Structures are given as C-alpha cells and as structure tokens.
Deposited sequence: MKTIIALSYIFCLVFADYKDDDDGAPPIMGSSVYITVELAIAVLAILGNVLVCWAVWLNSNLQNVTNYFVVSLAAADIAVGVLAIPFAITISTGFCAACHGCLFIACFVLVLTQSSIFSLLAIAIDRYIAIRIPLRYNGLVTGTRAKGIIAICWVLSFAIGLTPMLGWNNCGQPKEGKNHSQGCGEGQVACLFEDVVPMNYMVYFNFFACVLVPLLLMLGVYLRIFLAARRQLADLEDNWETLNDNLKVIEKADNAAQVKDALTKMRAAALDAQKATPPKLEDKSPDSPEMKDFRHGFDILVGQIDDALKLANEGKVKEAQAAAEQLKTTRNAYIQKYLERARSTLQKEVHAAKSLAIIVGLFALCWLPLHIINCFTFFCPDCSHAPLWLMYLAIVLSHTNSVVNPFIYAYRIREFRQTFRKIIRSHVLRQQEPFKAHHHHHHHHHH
C-alpha cells in the first residue's frame, strides 16, 4: 500500500483548514455578543459557551488530533489527555445545547416569570458547573477506565517507545466500552433525545397558545353575531356572560383596551338584566369599535411574538440536528467496532473522514446564526465592514 505520509498530509492539511475556520467563525460570534447589547441575553451566553468550546476545538482539539494520528511514543496518561480533551469539548457543547433548549422552553411556557427565574448570574453559574462536569465526564478515562494496564506490546517495541510509554493511538488507550456505553449512549444520545423532547414541547406550547388566541377571537365574533340576531334580553345575557369571561381570558395602548371592552360588556349586561333588549344590542355593537382600535392590535402582536419564537426555536433546533449529523457517524463506527467483533474494522480512510466530519461542526454554527438570526447577521455586517 501507499506511503503513510501522503494520506497523512491530506488529513493534516484538511484539519488545519477546519481549525482556521472554527477559530475565525466563532471569534466572530463572541465579538458580536460583546459589542451588541441586543445580543446580550441569557440565551446567547450559552451560545458564547458553545462558541468558546468550538474555538477550543480549533486551538487545541485539532492539534491534538494531528498529534495522535502519528502514533508517537508517549506516556499513557499523557496520551489519554490528548485522546480525551475533545470529549470535554463535546460534552460542554451537549450541556450548552441542552441549556438553550430548556431556556427557550421556560421562555414560552412562563414568559412573565422568565426574567425573574432566568438571570445572567444564574446562567453564568450553570456554565461554570457544566464546564467542571464536562472535564469530569470527558476525562473519566484518566481516572482509571483505560487500556494503559494492557498495553499493545508489539506496537510499543516496534517503534521503540520508552519504558512506561505506549504508541499513542486512540483505540489502544481509550476503551471502546467507555466510548459506546458511557460516552455515546449515556452522555450524548440521552441528552440529544431529551433535547428533541424539549423542542417538540416548545412547538406544542406554541401551537396550543396560537390556538387559544384563535379561539378567543372567534368566540368574540360568534357571540357578537348571537346578540345581533337575538329574540329576547335573556339570550343577550347568555352571549354577554360568555363574552365577559373570554374578555378576562385574553386579558391575562394595551390595558386601556380591555378596560373599555369589559366596561362596554358590563354596560350591555346591566341593560340586559333590566329587559332593555334593543339598548343592549346597540351597546354590544359599540364593542366593534374597541375590537378594531385595541383588541385586533393585541392579537396581531401576541401572534407574531409566538411566530418569532417558533422561528427562533427552529433555528436553534437545526444546530442540534447538525451536531447530531456531524457526530453520529463516528459514534456509529464505534458501535460497529464494539458490537460486531466478526465484522472487519472500518477502514483507515473512513475513520479519518468521520473525525474530520465531527470537527467541521465547529465551523457550522456561525453560519446558521448569520442566515437565521437577523440580529447576528446585522452585527456580523457592522463588524466586517468597519473592521477591514
């Protein structure tokens, strides 16, 4: 077969390219949040945590990946840290991605309580805890779950590594039962499924709330028709009592409108409980004015906020999807290596393609922000133009 350096050269050059783009793209995200106070919210502090992890892929994980591919002689625990530091960074990404999803879930479910519950200080403390935990989880092989105790003694002697040293190769130091059960199933796959669960809930909450505002608007128009074509005063009482409850339902520029509305219903209801039928109908037609000038304005704003939240949650879901798309092939190959001992090992070229693909994830997020979030796009422009 071909000399190692030729395939090695391609892989290294490709990794360096990805490293440059990961650094530049994510430095840009961080600089954007720094300058623009419209981007200075709790959601984006997790985005910055995610960008920092991706900067660290470029600055450290990729140079580590280049190093480990050589199979150089190294002390096994040093080799372990080289092998496992990337797992810290992906774990950090998982936590950041899960925190964004929960944040956007809290925001839709309880918006009036959101700012009181989800603060910068609380967010900052979560980020710190998650980074400590990512170091714990990612470097678990250094705590003793390693193949240092069982070194590949043929490889060690052939390239003359020192006493205590190993030929530094991922699959000779990192156990595959760790990679599959602990790293893939427990640490990646469960939180991804949880994220999917949280996002589907966000879309349900949005659909449910949009339906409520549709139904409250239609009740106001159905019951308005009932008053117009009514036989007696007690029928008008039925339509107004339903209408009054629906007015207080949508209640919880703005507050003056539902005051006029409930006021005018109370006027027509007071007349309907005296048997003044035509006066109650005339007063209930004056609700039309309030409905145009105030209520139609409230509905449109409430509807467009929810549509903005759907659109925002979709954008952030795409990021979770592209994380899964870039990382799954490497995990699936590990599952094949682990669960199928009768299968021949995935070839060297596919191994390195899967490593490269996993690393291109550290490039994609800045693009999704630029395309999908107007505030990031506009800040990107201002930085790029005013800079160089």
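Which parts of the deposited sequence lack C-alpha coordinates in this model? Number from residue 1, please.
Missing from the model are residues 1-23, 276-292, 429-447.
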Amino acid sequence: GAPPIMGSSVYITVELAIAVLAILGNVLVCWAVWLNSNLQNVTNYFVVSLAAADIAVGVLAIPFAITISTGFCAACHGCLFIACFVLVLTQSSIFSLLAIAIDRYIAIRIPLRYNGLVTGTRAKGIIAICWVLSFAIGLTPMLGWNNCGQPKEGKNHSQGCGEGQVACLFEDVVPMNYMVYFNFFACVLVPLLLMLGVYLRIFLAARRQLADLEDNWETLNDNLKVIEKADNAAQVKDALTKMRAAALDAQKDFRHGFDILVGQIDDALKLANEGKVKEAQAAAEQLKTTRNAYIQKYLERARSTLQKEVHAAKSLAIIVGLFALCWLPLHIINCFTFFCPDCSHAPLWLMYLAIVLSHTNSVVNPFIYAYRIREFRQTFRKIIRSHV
From here on, numbers count along this sequence of modelled residues.
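Throughout, rigid core stands for the largest set of C-alpha atoms superposing within 1.5 Å between the two forms.
Is the larger C-alpha RMS shift in 8 other deposited structures of this protein, relative to this form with the rigid core superposed, found in 102-110 or in 253-261?
It is 253-261 that deviates more in 8 other deposited structures of this protein.
Output the stretch, either 227-235 or 182-190, that has more C-alpha displacement from this form in 8 other deposited structures of this protein following superposition by the rigid core.
Farther from the shown form on average in 8 other deposited structures of this protein: 227-235.
Please compare 371-379 with 10-18 and say which has the higher mean C-alpha temperature factor in the record.
Mean C-alpha B-factor is greater for 371-379.
What stretch has the higher average Cα B-factor here, 159-167 or 226-234?
Of 226-234 and 159-167, the stretch with the higher C-alpha B-factor average is 226-234.
For the C-alpha B-factor as written in the entry, point me to the maximum among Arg109, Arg208, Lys276, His311.
Reading the PDB entry, the winner on C-alpha B-factor is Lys276.
Per the coordinate record, which of the options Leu139, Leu89, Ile126, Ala282 holds the highest CA temperature factor?
Answer, based on the entry's C-alpha B-factors: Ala282.
What third of the chain does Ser315 rank in for C-alpha temperature factor, lowest, middle or highest?
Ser315: CA B-factor falls in the middle third of its chain.
For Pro175, does the deposited CA B-factor place it in the lowest, middle or highest third of the chain?
Its C-alpha B-factor, which the entry lists for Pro175, ranks in the lowest third among residues of this chain.
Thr289 - which third its CA temperature factor falls in, relative to the rest of the chain
It belongs to the highest third of the chain when residues are ordered by C-alpha B-factor.
Is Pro191 in the lowest, middle or highest third of its chain when residues are ranked by C-alpha B-factor?
Lowest third - that is where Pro191 ends up once the chain's C-alpha B-factors are sorted.
Would you mind checking where the Cα B-factor of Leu97 ranks among the modelled residues of its chain, as the lowest, middle or highest third?
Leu97: CA B-factor falls in the lowest third of its chain.
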